[PDB]
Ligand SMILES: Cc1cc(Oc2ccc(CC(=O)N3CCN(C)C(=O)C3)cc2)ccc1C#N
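The chain below stands alone, shown as structure tokens; this is the form solved without the ligand.
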């Protein structure tokens, strides 16, 4: 019973060249914390994706002011070093749970504690490769004219609508969301 306007909506201006599945989030975003740390949405969507469908995850600037821009840069460092799987949880917890991430150096502390060498983090943080990865994340969001997170887009054409899913049961919610992505990824 997949209906445009219930589980998903369709973009009025479809985006060319977008990744197959594009997720946007912020470490500053309480609903994003719920999506990732309680529901594990990305991991469960991944479990249902067809063979050959790639998931891209980008951070956004528009929450948290100065720290929000710093967190987009840190996510770029995480992508450049391939350590997303070591820093997502501590970054979410440091911003939202303990609220001990208040500055760029607190962000760096999370990477150091996760075992990324200080010299590796610092060279990445100041690199043009990371500046390019920041620009890519910003451009992707500009393409779909993003106005809110968490958000997920399929084939540059469809946007997931979590308001139309069952929130009385967390497992059902995750299943409906993942099946909807799989449905859209098949066009």
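Positions refer to the first chain, counted from 1. So that the term is clear: the rigid core is the largest set of C-alpha atoms that superpose within 1.5 Å between two forms.
- Annotation: of the segments 142-150 and 45-53, 45-53 departs further from this form in 5 other deposited structures of this protein (C-alpha atoms, root mean square over structures and residues, core superposition).
- Take 159-167 and 175-183, fit the other structures onto the shown form by the rigid core, and average the C-alpha distances in 5 other deposited structures of this protein: the farther stretch is 159-167.
- For the pair 8-16 and 166-174, the mean B factor over Cα atoms is greater in 8-16.
- In this crystal structure, the stretch out of 51-59 and 26-34 whose C-alpha atoms carry the higher mean B factor is 51-59.
- For residue 85, the recorded CA temperature factor ranks within the highest third of the chain's modelled residues.
- Residue 66: CA B factor in the highest third of modelled residues in this chain (values from the PDB entry).
- Sorting the modelled residues of the chain by their CA temperature factor places residue 152 in the lowest third.
- Residue 128 sits in the middle third of its chain by CA B factor, as recorded in the PDB entry.
- The deposited CA B-factor of residue 117 belongs to the highest third of values across its chain.
As for the form solved in complex with the ligand, it is not shown, yet the points below apply to it.
- The pocket of the unliganded chain is judged open, since the ligand, transferred from its pose in the deposited bound form by superposition of the C-alphas around the site, places no atom within 2.4 angstroms of any backbone or C-beta atom.
- Contact between residue 175 and the ligand in the deposited bound form is not found at the 4.5 Å heavy atom cutoff.
- Mapping the unseen interface onto this chain, residue 133 falls outside it, with no heavy atom inside 4.5 Å of the ligand in the deposited bound form.
- Using a 4.5 Å cutoff between non-hydrogen atoms, residue 31 counts as a contact of the ligand in the deposited bound form.
- Using a 4.5 angstroms limit between non-hydrogen atoms, residue 35 touches the ligand in the deposited bound form.
- Contacts with the ligand in the deposited bound form, taken as any heavy atom within 4.5 Å, map within 135-150 to 147, 148, 149, 150.
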